[PDB]
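S.K.:
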Amino acid sequence: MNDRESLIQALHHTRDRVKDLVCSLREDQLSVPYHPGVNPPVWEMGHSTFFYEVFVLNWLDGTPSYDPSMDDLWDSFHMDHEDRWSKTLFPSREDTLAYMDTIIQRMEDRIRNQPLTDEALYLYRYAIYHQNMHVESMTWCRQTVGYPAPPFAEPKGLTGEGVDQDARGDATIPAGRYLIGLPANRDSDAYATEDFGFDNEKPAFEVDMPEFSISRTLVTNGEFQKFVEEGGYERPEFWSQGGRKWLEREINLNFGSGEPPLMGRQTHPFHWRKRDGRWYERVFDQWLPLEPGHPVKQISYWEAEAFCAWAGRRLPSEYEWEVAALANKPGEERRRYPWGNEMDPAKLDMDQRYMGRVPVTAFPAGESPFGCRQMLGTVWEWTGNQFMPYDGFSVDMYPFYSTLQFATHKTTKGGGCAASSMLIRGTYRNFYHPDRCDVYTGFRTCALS
Ligand SMILES: [Fe+3]
Ligand code: NA
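Once you know that position 223 of the sequence shown is 223 in PDB author numbering, the rest is easy, because the numbers rise by one and skip nothing.
#1: Please report the residue range of the alpha helix (DSSP H) in which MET138 lies.
#2: What first and last residue would you give for the beta strand (DSSP E) that runs through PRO289?
#3: Label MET355 either buried or exposed according to how many other C-beta atoms from any shown protein chain fall within 10 Å of its C-beta, with 16 as the threshold for buried.
#4: Taking three-plus beta-carbon pairs below 8 Å as touching, is the region 11-23 in contact with the region 41-51?
#5: Write down the C-beta distance between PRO338 and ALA325 rounded to the nearest angstrom, noting that I regard them as a contact closer than 8 Å.
#6: May I ask you to check if the CB of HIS130 is nearer than 7 Å to at least one heavy atom of ligand 1?
#7: How do the region 211-225 and the region 295-304 stand: do at least 3 beta-carbon pairs fall below 8 Å, yes or no?
#8: Return the residue from the list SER421, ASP438, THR378 and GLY442 that minimises the CA-CA distance to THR144.
#9: Three-state secondary structure (DSSP) at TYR233?
#10: Tell me which residue opens and which closes the beta strand (DSSP E) that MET209 is part of.
#11: If we call anything under 8 Å between Cβ atoms a contact, is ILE128 one with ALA10?
#12: Please work out which residues of its chain come closer than 7 Å, Cβ to Cβ, to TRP59, disregarding the five sequence neighbours upstream and downstream, and give them in chain order.
#13: Answer yes or no: the CB of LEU326 versus the heavy atoms of ligand 2, is any distance below 7 Å?
#14: Which residues in the same chain as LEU348 place their Cβ atom closer than 7 Å to its Cβ, once the five residues preceding and following it in sequence are excluded?
#15: Would you mind listing the alpha helix (DSSP H) stretches within the region 376-429 that are 4+ residues and don't spill past its ends, in chain order?
#16: Do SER24 and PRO151 come within 8 Å of each other at the CB atom, strictly closer than that value?
#17: DSSP on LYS274, reduced to helix/strand/coil?
#18: Taking contact to mean at least 3 C-beta pairs separated by less than 8 Å, is the region 395-409 in contact with the region 196-212?
#19: On the DSSP bridge assignment, give the partners of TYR34 in chain order.
#20: Kindly indicate the opening and closing residues of the alpha helix (DSSP H) around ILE8.
#21: Could you pull out every residue in the same chain whose Cβ sits closer than 7 Å to the Cβ of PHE77, ignoring the five residues on either side in sequence?
#22: Would you call the region 378-396 and the region 306-318 in contact, with 3 or more CB pairs under 8 Å?
#23: Taking only the alpha-carbon atoms, compute the straight-line gap between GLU305 and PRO115 and give it to the nearest angstrom.
#24: Is it the case that the CB of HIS78 approaches a heavy atom of ligand 1 more closely than 7 Å?
#25: Please work out which residues of its chain come closer than 6 Å, Cβ to Cβ, to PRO33, disregarding the five sequence neighbours upstream and downstream, and give them in chain order.
#26: In whole angstroms, what separates the C-alpha of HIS130 from that of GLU211?
#27: Around the C-beta of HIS12, are 16 or more other C-beta atoms found within 10 angstroms, so that it is buried, or is it exposed?
#28: Looking at the structure shown, is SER188 part of a helix, part of a strand, or coil, going by DSSP?
#29: Let's see if you can read the secondary structure: which residues bound the beta strand (DSSP E) around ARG314?
#30: Specify the secondary structure class of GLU281 as computed by DSSP and reduced to three states.
#31: Secondary structure at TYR52, three-state DSSP: helix, strand or coil?
#32: State the Cα-Cα distance for the pair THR172 and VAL323, rounded to the nearest angstrom.
#33: Excluding the five sequence neighbours on either side, which residues of its own chain have a C-beta within less than 8 Å of the C-beta of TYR66, listed in chain order?
#34: Starting from the C-beta of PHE431, find all residues in its chain whose C-beta is less than 6 Å away, skip the five residues before and the five after it, and write them out in chain order.
#35: Taking just the CA atoms, how far does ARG282 sit from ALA204?
#36: Return yes when the Cβ of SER257 is within less than 8 Å of the Cβ of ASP435, no when it is not.
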């Protein structure tokens with residue numbers, strides 16, 4: 001993203017995604033069932049538009065807000081979760097949509113009629129990417145509450161490709177010194193272009209990495225089935241202290257199913273169910289069959305932890321992951337994507353299309369330098385580190401972005417089927433709480449020592 005055209009086109013694609021997400025719903029559906037990981041769809045439209053007004057329009061020009069009264073109800077730090085479900089505090093779908101279209105145009109007008117300063121470019125890209133972050137959240141809200149799939153989605157998956165080849169195997173990464181992260185904004189003149197990144201990715205550093213071997217494929221449903229069948233969820237030997245506790249919790253196992261509440265402990269991935277001997281998976285409003293060569297998704301950090309124990313494998317660190325995905329070494333050329341530094345949306349399962357139902361050996365054009373496949377895309381891969389600041393951290397213009405979720409969260413890397421590709425990078429770092437089954441998470445195993 002440098003050209004105004006790319007920005008403007010990205011602005012438009014984003015607005016459509018939000019509009020398609022809210023208007024494809026009926027009035028009786030606009031109020032979503034309460035869940036700690038979902039938000040009301042109209043609020044996400046308003047909140048994601050407010051960001052433009054705050055960190056682009058007012059930031060650079062001093063312009064006032066569309067409606068100053070809502071300046072505290074759109075803010076995420078102030079407006080608490082539970083009181084977001086109000087019907088008297090917030091405007092209607094009709095007005096909120098108009099708000100968006102206005103600010104979108106106001107954004108387009110500035111991008112066109114005001115200098116392309118590196119400052120503007122940076123803020124332009126930040127604000128857009130933020131809305132895409134809420135496009136993902138809105139998409140998994142449907143899965144959580146059990147609503148129909150988004151109109152722009154092909155949840156059935158990649159049909160025909162189904163042909164898991166022999167690419168399955170491990171890749172021994174040679175030991176040596178490798179480069180992890182992005183330059184700091186103050187040290188680069190491409191901070192808005194070729195060195196763009198959030199605070200969590202900066203400042204860069206070098207690491208002397210020991211040799212290791214990571215699976216070129218993700219863990220598939222079939223493999224996880226054996227762990228379940230061998231009694232994994234009932235053999236506490238494989239689970240850790242948090243895992244054991246997670247396992248001993250009572251939950252409505254029928255959430256987002258349309259069926260009455262059924263409270264109990266988890267014995268299989270939350271979204272799995274056995275029907276007359278056949279494993280099935282809830283895909284929004286439809287229970288489809290569980291293809292075996294597809295990757296296991298919507299699992300917890302604990303669930304993966306136990307599998308790695310039962311399988312005699314281990315989880316990678318985020319620095320192993322980045323090495324194995326980009327293979328950037330100090331002094332040599334640098335890549336942002338495993339294939340290179342140019343983004344083709346066709347080399348990865350992203351942008352809310354196949355939504356994870358892809359064979360784990362597919363997308364060979366996105367092969368990592370060490371053979372690793374489907375690194376960037378499909379699901380967010382669990383790592384074994386805790387989200388912590390890189391040594392040298394500097395808060396961003398929006399300082400709550402990463403600071404609010406340190407230590408309590410685990411670093412996940414890669415990209416989600418529900419996440420827009422325009423914001424992904426090998427350096428990118430996401431942060432999810434280990435107890436979560438609602439986000440599009442996955443994992444691959446690394447070899448033991
Ligand atoms: Fe936000
Ligand atoms: Na991935």
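Backbone N, C-alpha and C define an ideal beta-carbon position, used for all residues, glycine too.
M.R.: Inspection of the coordinates gives the following:
#1: Stepping through the sequence shown from its first residue, residue 138 is reached at position 138. Unbroken alpha helix (DSSP H) run through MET138: 118-145.
#2: Position 289 of the sequence shown holds residue 289. From DSSP, the beta strand (DSSP E) with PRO289 extends over 286-289.
#3: By 1-based counting over the sequence shown, the position of residue 355 is 355. So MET355 ends up on the buried side.
#4: yes
#5: Residue numbering aside, residue 338 sits at position 338 when the sequence shown is read from its first letter. Residue numbering aside, residue 325 sits at position 325 when the sequence shown is read from its first letter. About 5 Å separates the two Cβ atoms, so the contact holds.
#6: Counting from 1 along the sequence shown, the entry for residue 130 is found at position 130. Within the cutoff, so yes.
#7: yes
#8: On the sequence shown, position 144 is the one that residue 144 refers to. For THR144, the nearest C-alpha among the options comes from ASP438.
#9: Indexing the sequence shown from 1 puts residue 233 at position 233. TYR233: helix per DSSP, three-state reduction.
#10: What you label residue 209 is simply residue 209 of the sequence shown in a count that begins at 1. First-last of the beta strand (DSSP E) with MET209: 205-209.
#11: In the sequence shown, counting from the first residue as 1, residue 128 sits at position 128. In the sequence shown, counting from the first residue as 1, residue 10 sits at position 10. Yes, Cβ-Cβ distance for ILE128 and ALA10 is below 8 Å.
#12: Within the sequence shown, residue 59 is the residue found at index 59, counting from 1. Closer than 7 Å at the Cβ level, and outside the excluded window around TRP59, lie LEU123.
#13: Position 326 of the sequence shown, counting from 1, holds the residue named residue 326. For ligand 2, not one heavy atom lies less than 7 Å from the Cβ of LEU326.
#14: Taking the sequence shown and counting its residues from 1, the one referred to as residue 348 is at position 348. So the list reads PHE363, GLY366, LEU376, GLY377, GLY415 and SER421, once near-sequence residues are dropped.
#15: 400-403
#16: Residue 151 sits at position 151 when you count from the first residue of the sequence shown. Residue 24 sits at position 24 when you count from the first residue of the sequence shown. Contact: yes.
#17: Taking the first residue of the sequence shown as position 1, residue 274 is located at position 274. Of the three classes helix, strand and coil, the one that applies to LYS274 here is strand, per DSSP.
#18: yes
#19: Mapped onto the sequence shown, residue 34 falls at position 34. Note: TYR34 sits in no beta bridge, so no partner.
#20: Here residue 8 refers to the residue found at position 8 of the sequence shown. It spans 4-23 - the alpha helix (DSSP H) in which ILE8 sits, taken as one unbroken run.
#21: Numbered from 1 along the sequence shown, position 77 holds the residue referred to as residue 77. These residues qualify, in order along the chain: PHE400.
#22: yes
#23: Position 305 of the sequence shown holds residue 305. Position 115 of the sequence shown holds residue 115. Rounded to whole angstroms, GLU305 to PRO115 spans 51 Å at the Cα level.
#24: The residue labelled residue 78 in the question sits at position 78 within the sequence shown. No.
#25: Stepping through the sequence shown from its first residue, residue 33 is reached at position 33. Within the same chain, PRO33 has close Cβ partners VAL145.
#26: As a working note, residue 130 is residue 130 in the sequence shown. As a working note, residue 211 is residue 211 in the sequence shown. Spanning the two alpha carbons is a distance of roughly 37 Å.
#27: Position 12 of the sequence shown, counted from the first residue, corresponds to residue 12. So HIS12 ends up on the exposed side.
#28: Position 188 of the sequence shown, counted from the first residue, corresponds to residue 188. In this structure, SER188 counts as coil in the three-state DSSP scheme.
#29: Along the sequence shown, one-based indexing puts residue 314 at 314. Element bounds for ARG314: n/a, residue is neither H nor E.
#30: Within the sequence shown, residue 281 is the residue found at index 281, counting from 1. DSSP places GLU281 in strand when its eight states are reduced to three.
#31: Locating residue 52 in the sequence shown gives position 52, where the first residue counts as 1. Note: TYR52 maps to helix in three-state DSSP.
#32: Mapped onto the sequence shown, residue 172 falls at position 172. Mapped onto the sequence shown, residue 323 falls at position 323. Approximately 12 Å between the Cα atoms of the pair.
#33: For the purposes of this step, residue 66 is taken as the residue at position 66 of the sequence shown. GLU53, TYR99, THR102 and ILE103.
#34: Locating residue 431 in the sequence shown gives position 431, counting from the first residue. Here the set comprises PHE387, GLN405 and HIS409.
#35: By 1-based counting over the sequence shown, the position of residue 204 is 204. By 1-based counting over the sequence shown, the position of residue 282 is 282. Those two C-alpha atoms are separated by around 41 Å.
#36: What you label residue 435 is simply residue 435 of the sequence shown in a count that begins at 1. What you label residue 257 is simply residue 257 of the sequence shown in a count that begins at 1. Taking 8 Å as the Cβ cut-off, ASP435 and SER257 do not qualify as a contacting pair.
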